[PDB]
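Notes follow the structure.
Number of protein chains: 2
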Amino acid sequence: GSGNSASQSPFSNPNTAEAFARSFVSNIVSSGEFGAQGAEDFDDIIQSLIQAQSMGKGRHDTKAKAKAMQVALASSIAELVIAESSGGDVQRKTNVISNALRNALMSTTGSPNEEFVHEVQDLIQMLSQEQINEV
Amino acid sequence: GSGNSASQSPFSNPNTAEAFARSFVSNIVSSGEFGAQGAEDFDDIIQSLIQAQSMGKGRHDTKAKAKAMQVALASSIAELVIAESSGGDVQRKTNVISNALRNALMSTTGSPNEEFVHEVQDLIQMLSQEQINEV
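Quick mapping for you: the protein sequence lines, in order, are chains F and L.
Mapping of the first sequence onto this note's numbering: position 56 corresponds to residue 1257, and the numbering continues sequentially without gaps.
Mapping of the second sequence onto this note's numbering: position 109 corresponds to residue 1310, and the numbering continues sequentially without gaps.
See below:
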């Protein structure tokens, strides 16, 4: 009936989408693992993807097009940990982000939506293989 | 100092930004591999990244967000082509996408930029083999 066949994600409500970054950045700034100075700059990067979720639909939003926003943000967060870490370990220090992301979902939704938390982790490992990581 | 901040991002230029997608999408329909149905869908996600590249600049550049917007675009194409590549293989079919990309950059800037072509194709390999795709 009301709420038919659709992939009901935690981004179906703008407030829930906001709470995602609202909690996630709170983890980072309170930890200082990447500097609060960077954490709130990350908020804007994430913000961009959040805002575009309501923009990049055109008029009719197809299933394959709807989830296109997923990997865009994921691949961004993967680099975010690297960006403000000039000298360190992108894997050892991303542990706080692994916790942060899952904690954010735990607070925003309560669901173990940690598959997205998995996506970024492997993407990090990929990026560090190219010179773009060390420049 | 004077010169530490320089936007070499081609997608910050209205013509150059459009040229990328404009050449990409047209090269797809001229190929007919993913059909026009796919090409006329791809432009919506790609456009969104172009739009947000105007947003994320805000009032001052930060070196983190400057590169964060790069990977976001590649990821927007990575999964996107996989969707219309549902049939077993994704590599030999995204080959024509690599063609389109190669053609696009060659026309848009004239630079090889196959590093970005590799960027898109590499993320494909990971996601297309994940059990979130084969459901």
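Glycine is no exception: its CB is placed at the ideal position from the N, C-alpha and C atoms.
**Cβ pair residue 1376 (chain L), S1213 (chain L) closer than 8 Å** = Given that chain L is displayed from residue 1202 to residue 1336, the structure contains no residue 1376 (chain L) and the question cannot be resolved.
**Neighbour flag for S1299 (chain L) against chain F, beta carbons, 8 Å** = Counting from 1 along the second sequence, the entry for residue 1299 (chain L) is found at position 98. Chain F, which has no Cβ nearer than 8 Å to the Cβ of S1299 (chain L), makes this no.
**Prompt:** From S1308 (chain F) to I1325 (chain L), what distance separates their C-alpha atoms?
**Reply:** Stepping through the first sequence from its first residue, residue 1308 (chain F) is reached at position 107. Stepping through the second sequence from its first residue, residue 1325 (chain L) is reached at position 124. Rounded to whole angstroms, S1308 (chain F) to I1325 (chain L) spans 31 Å at the Cα level.
**Contact list for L1281 (chain F) against chain L, beta-carbon separation under 8 Å** = As a position in the first sequence, residue 1281 (chain F) is number 80, starting the count at 1. Correct list: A1265, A1269.
**Message:** Quick check on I1333 (chain L): does DSSP put it in helix, strand or coil?
**Reply:** Here residue 1333 (chain L) is taken as the residue at index 132 of the second sequence, counted from 1. Three-state result, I1333 (chain L): coil.
**Request:** Note down, in chain order, every chain L residue with its Cβ under 9 Å from the Cβ of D1242 (chain F).
**Result:** Within the first sequence, numbered from 1, the residue matching residue 1242 (chain F) stands at position 41. Those within 9 Å of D1242 (chain F) in chain L are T1263, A1265, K1266.
**Prompt:** How is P1313 (chain F) classed by DSSP in three states: helix, strand or coil?
**Reply:** Position 112 of the first sequence, counting from 1, holds the residue named residue 1313 (chain F). Looking at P1313 (chain F) - three-state DSSP - the assignment turns out to be coil, as it is neither helix nor strand.
**Prompt:** Can you list, in chain order, the residues of its chain whose CB lies under 8 Å from that of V1230 (chain F), leaving out five sequence neighbours each side?
**Reply:** Mapped onto the first sequence, residue 1230 (chain F) falls at position 29. The residues are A1237, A1240, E1241.
**Request:** Would you kindly work out how many angstroms separate the C-alpha atoms of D1244 (chain F) and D1290 (chain F), rounded to a whole number?
**Result:** Position 43 of the first sequence, counting from 1, holds the residue named residue 1244 (chain F). Position 89 of the first sequence, counting from 1, holds the residue named residue 1290 (chain F). C-alpha separation (whole angstroms): 22 Å.
**Buried or exposed (CB count within 10 angstroms, at least 16 for buried), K1264 (chain L)** = To locate residue 1264 (chain L), count along the second sequence from 1; it is residue 63. Exposed is the call here.
**Asked** Using DSSP with H/G/I as helix, E/B as strand and the rest coil, what is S1308 (chain L)?
**Response** By one-based count along the second sequence, residue 1308 (chain L) stands at place 107. In the structure shown, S1308 (chain L) sits in a helix (DSSP, three-state: H, G or I).
**Request:** Determine the burial state of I1333 (chain L): buried for a count of at least 16 other Cβ atoms within 10 Å of its Cβ, exposed for fewer.
**Result:** What you label residue 1333 (chain L) is simply residue 132 of the second sequence in a count that begins at 1. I1333 (chain L) comes out exposed.
**Cβ shell of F1225 (chain L) (< 6 Å), same chain only, five flanking positions each side left out** = Residue 1225 (chain L) sits at position 24 when you count from the first residue of the second sequence. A1301, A1305, listed in sequence order.
**Request:** Answer with buried or exposed for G1257 (chain L), where buried requires no fewer than 16 other C-beta atoms within 10 angstroms of its C-beta.
**Result:** Reading the second sequence from its first residue, position 56 is the one you call residue 1257 (chain L). With 16 or more Cβ atoms within 10 Å of its Cβ, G1257 (chain L) is classed as buried.
**Message:** Short of 6 Å in beta carbon distance, which residues of its chain neighbour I1278 (chain F), apart from the five on each side in sequence? Order them along the chain.
**Reply:** For the purposes of this step, residue 1278 (chain F) is taken as the residue at position 77 of the first sequence. Hits under 6 Å: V1321.
**Prompt:** What does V1272 (chain F) reach in chain L if we use C-beta pairs closer than 8 Å?
**Reply:** If you number the first sequence from 1, residue 1272 (chain F) lands on position 71. The answer, in chain order, is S1276, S1277, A1279, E1280, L1324, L1328.
**Prompt:** Under 7 Å Cβ-Cβ, which residues of chain L neighbour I1251 (chain F)?
**Reply:** Numbered from 1 along the first sequence, position 50 holds the residue referred to as residue 1251 (chain F). What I1251 (chain F) touches in chain L: nothing, since even the nearest Cβ is about 10 Å away.
**Message:** Against chain L, with Cβ distances strictly below 8 Å, would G1289 (chain F) count as a contact?
**Reply:** If you number the first sequence from 1, residue 1289 (chain F) lands on position 88. Taking Cβ atoms only, chain L never reaches closer than 8 Å to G1289 (chain F), which makes this a no.
**Message:** Between F:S1206, F:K1268, F:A1222, which has its C-alpha nearest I1298 (chain F)'s C-alpha?
**Reply:** The count along the first sequence starts at 1 and reaches residue 1298 (chain F) at position 97. When only C-alpha atoms are compared, the closest one is F:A1222.
**Message:** The alpha helix (DSSP H) that contains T1217 (chain L), what's its start and end?
**Reply:** The residue given as residue 1217 (chain L) occupies position 16 in the second sequence. Note, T1217 (chain L): alpha helix (DSSP H), 1215-1230.
**Request:** Give a yes or no on whether the minimum CB-CB distance between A1222 (chain L) and chain F is below 8 Å.
**Result:** As a position in the second sequence, residue 1222 (chain L) is number 21, starting the count at 1. No, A1222 (chain L) does not count as interfacial toward chain F.
**Asked** Using a beta-carbon distance below 8 Å, is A1284 (chain L) in contact with chain F?
**Response** In the second sequence, counting from the first residue as 1, residue 1284 (chain L) sits at position 83. True, the Cβ-Cβ gap to chain F drops below 8 Å.
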